[PDB]
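J.: One structure coming up, written as structure tokens, with questions to follow.
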There are 12 protein chains.
Amino acid sequence: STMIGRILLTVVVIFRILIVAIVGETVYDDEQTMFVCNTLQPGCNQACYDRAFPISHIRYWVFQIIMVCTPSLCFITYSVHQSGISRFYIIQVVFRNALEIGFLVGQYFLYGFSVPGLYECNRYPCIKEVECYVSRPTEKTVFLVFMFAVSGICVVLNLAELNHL
Amino acid sequence: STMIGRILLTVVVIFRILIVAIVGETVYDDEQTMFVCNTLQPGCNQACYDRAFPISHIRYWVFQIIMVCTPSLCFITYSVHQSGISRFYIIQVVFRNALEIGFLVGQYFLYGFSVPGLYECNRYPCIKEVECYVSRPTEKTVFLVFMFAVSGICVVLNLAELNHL
Amino acid sequence: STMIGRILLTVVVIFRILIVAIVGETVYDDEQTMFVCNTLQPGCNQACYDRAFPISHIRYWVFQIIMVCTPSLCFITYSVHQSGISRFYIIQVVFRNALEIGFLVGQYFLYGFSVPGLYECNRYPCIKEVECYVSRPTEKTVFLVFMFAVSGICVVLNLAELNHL
Amino acid sequence: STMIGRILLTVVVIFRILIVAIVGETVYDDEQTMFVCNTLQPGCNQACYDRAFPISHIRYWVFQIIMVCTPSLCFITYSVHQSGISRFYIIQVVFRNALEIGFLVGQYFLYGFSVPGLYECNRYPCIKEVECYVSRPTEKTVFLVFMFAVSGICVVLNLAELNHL
Amino acid sequence: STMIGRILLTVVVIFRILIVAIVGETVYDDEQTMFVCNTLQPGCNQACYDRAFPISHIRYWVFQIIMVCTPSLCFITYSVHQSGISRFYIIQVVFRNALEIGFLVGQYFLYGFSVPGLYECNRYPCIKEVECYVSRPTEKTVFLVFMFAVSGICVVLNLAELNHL
Amino acid sequence: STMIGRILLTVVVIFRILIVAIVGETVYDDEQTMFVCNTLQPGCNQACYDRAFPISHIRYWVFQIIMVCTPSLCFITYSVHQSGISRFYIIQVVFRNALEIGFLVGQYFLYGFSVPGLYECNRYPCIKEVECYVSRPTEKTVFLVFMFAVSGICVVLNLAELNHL
Amino acid sequence: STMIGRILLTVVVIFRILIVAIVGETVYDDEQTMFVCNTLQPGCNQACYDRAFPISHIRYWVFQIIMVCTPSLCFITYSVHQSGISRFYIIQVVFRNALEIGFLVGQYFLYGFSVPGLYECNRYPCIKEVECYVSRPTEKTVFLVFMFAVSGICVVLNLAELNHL
Amino acid sequence: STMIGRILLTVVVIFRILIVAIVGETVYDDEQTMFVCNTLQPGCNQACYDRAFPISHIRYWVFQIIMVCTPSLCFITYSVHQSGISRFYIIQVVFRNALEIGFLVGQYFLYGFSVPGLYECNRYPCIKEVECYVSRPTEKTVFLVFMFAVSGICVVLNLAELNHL
Amino acid sequence: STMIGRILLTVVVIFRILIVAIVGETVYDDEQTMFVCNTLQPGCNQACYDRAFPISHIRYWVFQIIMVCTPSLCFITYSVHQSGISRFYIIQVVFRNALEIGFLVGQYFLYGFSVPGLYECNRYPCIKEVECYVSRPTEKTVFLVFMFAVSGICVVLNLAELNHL
Amino acid sequence: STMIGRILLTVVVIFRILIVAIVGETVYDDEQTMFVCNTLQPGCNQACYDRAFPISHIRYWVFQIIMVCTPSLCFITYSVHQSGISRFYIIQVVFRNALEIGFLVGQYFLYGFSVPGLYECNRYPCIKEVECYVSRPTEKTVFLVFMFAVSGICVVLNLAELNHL
Amino acid sequence: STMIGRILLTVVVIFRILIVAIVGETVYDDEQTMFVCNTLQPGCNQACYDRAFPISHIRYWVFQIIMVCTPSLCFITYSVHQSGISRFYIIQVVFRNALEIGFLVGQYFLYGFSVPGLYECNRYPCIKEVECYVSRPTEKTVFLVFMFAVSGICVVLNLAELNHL
Amino acid sequence: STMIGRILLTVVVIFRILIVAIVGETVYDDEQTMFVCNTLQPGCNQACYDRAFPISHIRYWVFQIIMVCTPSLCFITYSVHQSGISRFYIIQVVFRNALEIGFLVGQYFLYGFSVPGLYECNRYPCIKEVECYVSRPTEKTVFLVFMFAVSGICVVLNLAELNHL
């Protein structure tokens, strides 16, 4: 039971990296060029896009993916130099658990569970409130939900292993 | 008879991956930039494109291709770690069969067998119903039919092997 | 005489792959962005481009190139697994001959021997018949003729080897 | 205590290179195409963009990254040719410390800690003072702060090792 | 004297390939997007560009480069299979000489020694004669002259070796 | 003293190649698309850009970089074939010195030490003299100065070694 | 009682002529230039304006005003030539009554009592139904109501005189 | 019976002049500015408008009105100079009859009984046949019918008087 | 004292008519062509202009001027026909007083004392509230104040004469 | 026979004045606003219109009409002052004859008998020869022919009277 | 001396009325349509035109002309009714003098002696200060100076007559 | 001889007034709307039109026509009041002579004898010198020459009468 868990954790991690790396870079490519607002004021599109999308999803996901792989690299570099290992194993597991729980909570607090098609903006130089329109909201919602689903499994597995000890 | 079946399954899988990877990424590249509707309302093109094409074909095909290769990776990782194999062989065959039948059914239910050149849209902010025009419908229909044809062979072969036992 | 034939067949095949792969992808890149019709009707350009160019040359050539290399892969996979070979050799030669004759005939029936600079279109939403103008017709004609020339040699060589037995 | 310091220095350096190389090249790609000023004078956008952004962040960061890796290459080339090493070790550590402190100070003096959304320009051919609007200011501020944070750790670690001797 | 000739021939060939491959692909990239004619007739730009530039320089140079490397590949494939060599050596030298002289003559007859900045066009649908304007004529002239210079050396060297026997 | 000189020459050469190859290709990418003149005459932008920038900096630098590496390749090919070496060593050093001094002088005579923001043009079809505006002049000036600085070191080092004999 | 009736009839007639002649010609002047529809189809504005406004109000009112003054001119011309009068007086009164009742009924049946601000159009070449927007609807409604009010008095007065005999 | 005929002829003539002079000049004012064709060819609108409307209705009607009043002026000038009258009376009646019958026939042969909303044009520089759209067709049809009705009465009356003698 | 009052009343009336008739028709001529709103929605300008200016000032003033001259015309027509006068004099004075007081009150209730330069609009098809800008507000305010001043004198004079009896 | 000639001369003169004054001023009103040339050069339309139409028809006709009425005014002023008359009568007849023959000849030499729809222009700043398109050519041809016809009668009549003496 | 003064006063008054009435109405006709500012903000042109030209010159001059003719009308109406005259003569002279001095002073205080070609504007919605450009400044300056010159003579003459008593 | 001179002077004066009043007002109507310069600078057209045409021809001619009729009005007003005449006759003749000579000289000094089609402008905000293009230069030259011719006759006649005394 504990034998297969490692294999499936490795497979889930590789699957997530592959899915993010191969297709996700090209849904968001036209994010700002097809964002449009009903207005004649110069500079309103920039401010309203910036307020609607402060950090793009793909940047957050790349950062999370890179940051969740550091303890393994540290352990590998230590063992390579060696040529209390168990204490290092315990500590890196603890750190990975903490980092992944923090990242999941931050994702939930930053983005929620949906991307709406309309956005209402009231930032200078826009006069009062204006209405703007988003590109590809359904695909982005699907990607959001898929990533949340993938991220839950890793949390579950790491808690499993934490509790087996 | 059962000897050649494995060889042809491997060849079909590699053929499908190559066809999707090399040429398919560039028919759909201009999907939204050349989508146009007869209207003067800002934001209507975004809503009507989103309603006509919720998930693009190439994303669905990439996802399917990646998801149908996971049991092999699991078996390989297990055997590498080993350094009841037959039970694992049986189970992974069952899982692959199920996944490929599910994906074929989902393709049929999502897209059908044709891409029409006209689309009729009645989503806000569009006033009543408007007419929009699609890019490269014939090429996309050809690609659809080809992919359905390729996908049928794999189902047939996997049922063959399932029934030989 | 039969010794050099294999060497020249291999050289012709590699030459064709290289020519198609390195330069051909960039003559057709602007095929639709510089296609223009004399009209004020929205959606006429899409319909007329689709009727004038149902499948682009480069897609057909990539498909043909990929499909004419499958018997070799099958023979290689069989021999690798082995670790009646002559019957397989005979059959794969027959199949390659048939496939290449079919593809040459299909090319002739699909495209002919020239690409004209003007096209006359009468498809909805275009009113009656309209005149449209093509990009780079001379270069595309040169490419067509070159590909036909290259494809003839392979047919000749394969018939040669078929008849030597 | 001094054992782990080398491992963490190597990990921080690799992390910085990866973060800069993979995602940073694509936030700044549209820096000038979406920069716009409220004016009708030809040539004002060029002058005001040039005055607001004399050297782009990504160029400065690439230059710094490349320049902070030269002492290691020199030491490696020397040792490879060998086939007073300790004096070379001391000197290269001193040089790396100096270079990294200089680069951090220069970053602080060139850019500060924020990127504002508005810029006021009074350069010819602009008449008097004009107002211009920046793209993606929040993301660029986040990147600035992250890079400052990363750069502080290296300074601390190098001072640590300098003082251990 | 005959010893160094082979070394310099190899160096010239590699130099030509590198120069063509690394920089030449990006001077001609905007060839048609910045070609403009003084006219209001739709379709005149396409016809006049096609008449002014029937085959682009870079296509001709790529084709020539690929075609001048075939005899070496043939000799290599023969010798690999072997595991009258001198007759093959003689014949391939003769063929290479002929091909390179033909290609130099064709270059001279196709393009000449300069690219002018203005072009006068009288092709349908253009009314009578119109004036059009070319992009980057000086850089293209420099490239033309450089390529002619490079190509002369190879002819000289091959005639040298032909005459030494 | 002569031991370290070779190491530093190699490091400077590699540094120059890396700096030119990684970042320099993307400052000049938009050189002509953001070049604009105050005029209504068709074709004036092409002529004035061509007169202001006959050969772009990056082309000159790539050519120089490629041409300054040929003597090493010649020496390597000779020594590989060998399987009066000192005379070849002397001669290639002389040739490298000459080539690098020529290239530095040519750079100084072609470009000078600055790129101004305004340019005054009087070429047909422009009527009398017109004013045009350049993109990113400060960054291009910085690059110019940096390249001159890098190029001076190599001249100094090669004269050093020439005079040690 | 019958003495003042003639005086007030004359005053009402003159008042109506003056009101129509002096101000009414300039509310409707921009009727079609400021009529606009939400569409991109050429020719839709013409068809929809024609269907919304078949005959403009001012034309109908001018025609009515001219036609209601003919019996007086006939009586005057007869009496001038004279240089059974009572029978002519009776008959012309009858005819005037009939004409004015007919014109009031026709006005009611042609225009109603209001001019709406929106109009829904489904005439070729408009695709399906489109929405169009009218200029100055409130002023036109006020004019309509005023004219109906003025026209009622004349009917009442003429019936009065008819019944006094 | 013959007494009233003169009075009614005079009233009809004055009515026609007033109707044409006061309102008719302003329906046709925008005849060419709101005429539009579905095309991108310069000069097609001019040719198609000229072919659809060779002589405008209002010019024909003004000419007819002026030409039908000449015999009265001649008779008046003769009688004024006098300070065989019956022969002149007979002859001028004959001439007026002939002129009015000719003008009615010409109207019928020039314009018919309706103005359609669409017109199909095939005149140079228009390519093949194009579709154009007319302004205010219903109002112009109403005016046509009204003028025909008015013109019939005069013919009838003049034949009446001709036959009474 | 009562002698001059009639003279000054006549002079004030003529002055008002002249001022309104000669210059007032040309300040308001461009009222709608230079009215503009900050929006991209078709039809918003029409609705917002109609809501901001339901009846234009000049129409109201023309109507008032015409309506305040009817009692004099009635008295004149009566006296002309005569060829209880004092009762008619009394009654017409009463009626004129009432009409002028009503018109002054209505002016105050319709327009107030100023025309602002900005207007805030929230009528369909405008999304939420939009800002629009008026033409020539200061001149229109001056005209408003002048007309109120002129209208007060007539009220005062008529009350004077009413009270003298 | 000589009695009626004066009456008909007076009628023809008045007819010509009326025809020119009432309708001719409004065919030529849009002469330059709807004149268009196929070109992108600023200033070409002005030069080509000026070369095609140096003096407009209506100016020439107004000038001729005014100049042919001066002898009558002179005779009238003389006779009014009187309060050798026959010598003045003779001389003014001679002068009128001469002036009208001169004007007819000048008309023929200036304009000819037709107005073509196309005009070919080669005046600076137009590059080489360009094609331009005229407005309302058929109506202008009809007017030309009518005016020539009218002008012939006056010449005939004046020669008649000249020869009767 | 006092005899001619009245004649010249009458001639000057009539001259001023004629000059203002015949030509002055058509220099200012395009005052706002050719007023333009260097800005992209909607509504800035309206505010800046209103601030630069609060009341147009021609309105002020028409008002002054009308107001300076009232005392004569009053005297005429009094004398007509008569069918202490000297006291009325004295008083009306006094009033005319006062009115004309007031109007001249007001002209000087409102407009000055010149109309500049540039205007600097800082009114909302304009951002900071913007530059705008006036139409026909020299002609307007000439008109200003001429009107001041004309107005001085009347003041002088009226003071003359005032002092003769 | 002196008898006819007065008659011809009166006829010439009336002819000049008629020619200026009837046709001249409509050649210059589009003077600024069709004036265009080759430039992209806002405000350059206004400055260059103002510098090319400070006072329009028609204004100068109207002013001259009005000013040359004042002595007659003065003499008429004097003689009307009378109900030393010869001294007044002498003086007014002298004044008319002086005024007409002054006006002819001023015309020559202001305008010359031709209107060119091109104008070269160097006024702010135009950068350096720009080229502009005039409307209808030939017609304006014809008008200039005609007016000079007409004006010469009056000078000659007035000198004639001056010298007869």
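Chain labels run A, B, ... following the order of the structure tokens; each chain numbers its residues from 1, and ligands are numbered from 1 in the order shown.
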For chain I, work out the contacting residues on chain B at 12 Å, counting only C-alpha atoms, and write them as a list in words.
T.: residues 39, 40, 41, 42, 43, 125, 126 and 127 of chain B
J.: Can you tell me, as number ranges by chain, which residues in chain L count as alpha helix (DSSP H) by DSSP?
T.: L: 2-22, 44-52, 57-67, 70-82, 85-111, 137-163
J.: List as a ChimeraX atom specification the protein and nucleic acid residues near range 112-116 of chain K, meaning an atom at most 7 Å away when only C-alpha atoms are counted, but skip any in the same chain fewer than 4 places from it.
T.: /K:108,137,140-141,144-145
J.: Excluding same-chain residues fewer than 4 positions from residue 160 in chain H, what lies within 12 Å of it counting only C-alpha atoms, as an MDAnalysis selection string?
T.: chainID H and resid 1:2 5:6 9 93 97 153:156 164:165
J.: Work out how far apart CA of residue 36 in chain F and CA of residue 35 in chain E are and give it in Å to one decimal.
T.: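 Separation of CA of residue 36 in chain F and CA of residue 35 in chain E: 15.8 Å.
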J.: Counting only C-alpha atoms, what is within 10 Å of range 44-53 of chain E, bar same-chain residues fewer than 2 positions away, as number ranges by chain?
T.: C: 34-36, 117-118, 133-139; E: 31-32, 35-42, 55-57, 111, 119-127, 130-134
J.: Using the selection just defined, write its residues with C-alpha atoms as a PDB file, in the first residue's frame.
T.:
```pdb
ATOM      1  CA  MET C  34      -2.677  38.343 -47.930  1.00  0.00           C
ATOM      2  CA  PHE C  35      -5.707  36.813 -49.687  1.00  0.00           C
ATOM      3  CA  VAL C  36      -8.104  39.627 -50.618  1.00  0.00           C
ATOM      4  CA  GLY C 117      -3.382  34.468 -59.802  1.00  0.00           C
ATOM      5  CA  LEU C 118      -7.121  35.173 -60.058  1.00  0.00           C
ATOM      6  CA  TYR C 133      -6.427  37.648 -55.776  1.00  0.00           C
ATOM      7  CA  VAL C 134      -3.841  35.069 -54.665  1.00  0.00           C
ATOM      8  CA  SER C 135      -0.447  35.548 -53.005  1.00  0.00           C
ATOM      9  CA  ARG C 136       2.808  34.247 -54.508  1.00  0.00           C
ATOM     10  CA  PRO C 137       1.341  32.149 -57.352  1.00  0.00           C
ATOM     11  CA  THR C 138       4.626  31.675 -59.252  1.00  0.00           C
ATOM     12  CA  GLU C 139       6.582  30.324 -56.275  1.00  0.00           C
TER      13      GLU C 139
ATOM     14  CA  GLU E  31       9.763  41.398 -47.717  1.00  0.00           C
ATOM     15  CA  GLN E  32       6.064  41.642 -48.661  1.00  0.00           C
ATOM     16  CA  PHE E  35       6.281  46.400 -50.005  1.00  0.00           C
ATOM     17  CA  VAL E  36       3.920  49.211 -51.028  1.00  0.00           C
ATOM     18  CA  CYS E  37       2.666  50.759 -54.279  1.00  0.00           C
ATOM     19  CA  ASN E  38       1.087  54.144 -55.025  1.00  0.00           C
ATOM     20  CA  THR E  39      -2.395  53.029 -56.049  1.00  0.00           C
ATOM     21  CA  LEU E  40      -5.946  52.496 -54.803  1.00  0.00           C
ATOM     22  CA  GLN E  41      -6.715  49.344 -56.817  1.00  0.00           C
ATOM     23  CA  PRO E  42      -7.247  46.136 -54.791  1.00  0.00           C
ATOM     24  CA  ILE E  55      11.566  33.606 -56.390  1.00  0.00           C
ATOM     25  CA  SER E  56      13.075  35.092 -53.235  1.00  0.00           C
ATOM     26  CA  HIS E  57      16.849  35.035 -52.849  1.00  0.00           C
ATOM     27  CA  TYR E 111      19.332  38.352 -60.211  1.00  0.00           C
ATOM     28  CA  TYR E 119      10.059  49.241 -59.518  1.00  0.00           C
ATOM     29  CA  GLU E 120       7.687  50.104 -62.370  1.00  0.00           C
ATOM     30  CA  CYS E 121       4.720  47.756 -62.747  1.00  0.00           C
ATOM     31  CA  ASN E 122       2.099  47.376 -65.488  1.00  0.00           C
ATOM     32  CA  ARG E 123       0.262  44.142 -64.610  1.00  0.00           C
ATOM     33  CA  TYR E 124      -3.477  43.642 -64.275  1.00  0.00           C
ATOM     34  CA  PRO E 125      -5.365  44.734 -62.187  1.00  0.00           C
ATOM     35  CA  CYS E 126      -3.007  47.726 -62.078  1.00  0.00           C
ATOM     36  CA  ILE E 127      -4.103  50.507 -64.438  1.00  0.00           C
ATOM     37  CA  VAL E 130       2.434  52.255 -61.382  1.00  0.00           C
ATOM     38  CA  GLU E 131       5.428  52.895 -59.113  1.00  0.00           C
ATOM     39  CA  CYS E 132       6.284  50.653 -56.139  1.00  0.00           C
ATOM     40  CA  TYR E 133       8.922  50.846 -53.403  1.00  0.00           C
ATOM     41  CA  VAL E 134      11.206  48.105 -52.045  1.00  0.00           C
TER      42      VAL E 134
END
```
J.: Identify, on the basis of only C-alpha atoms, every residue whose closest approach to range 81-90 of chain D does not exceed 10 Å; exclude the query and any residue fewer than 6 positions from it along the same chain; express the result as JSON, numbers by chain.
T.: {"D": [71, 72, 74, 75, 162, 165], "F": [3, 7]}
J.: I need the chosen residues saved as a CSV table (one decimal), in the first residue's frame, with N, CA and C atoms.
T.:
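Now in result21.csv:
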```
chain,number,residue,atom,x,y,z
D,71,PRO,N,34.1,34.4,-12.5
D,71,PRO,CA,35.2,33.9,-11.7
D,71,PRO,C,35.2,32.3,-11.6
D,72,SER,N,34.0,31.7,-11.5
D,72,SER,CA,34.0,30.3,-11.6
D,72,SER,C,34.5,29.7,-12.9
D,74,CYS,N,36.7,31.2,-14.8
D,74,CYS,CA,38.2,31.4,-14.8
D,74,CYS,C,38.9,30.3,-14.0
D,75,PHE,N,38.4,30.0,-12.8
D,75,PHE,CA,39.0,29.0,-11.9
D,75,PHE,C,38.9,27.6,-12.6
D,162,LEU,N,33.1,35.0,3.5
D,162,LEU,CA,34.2,36.0,3.7
D,162,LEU,C,34.6,36.1,5.1
D,165,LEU,N,36.7,33.5,7.3
D,165,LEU,CA,38.1,33.6,7.1
D,165,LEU,C,38.6,35.0,7.2
F,3,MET,N,50.8,33.0,-18.8
F,3,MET,CA,50.0,31.8,-18.6
F,3,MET,C,48.5,32.2,-18.5
F,7,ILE,N,44.0,32.3,-20.8
F,7,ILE,CA,42.7,32.0,-20.1
F,7,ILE,C,41.8,33.1,-20.2
```
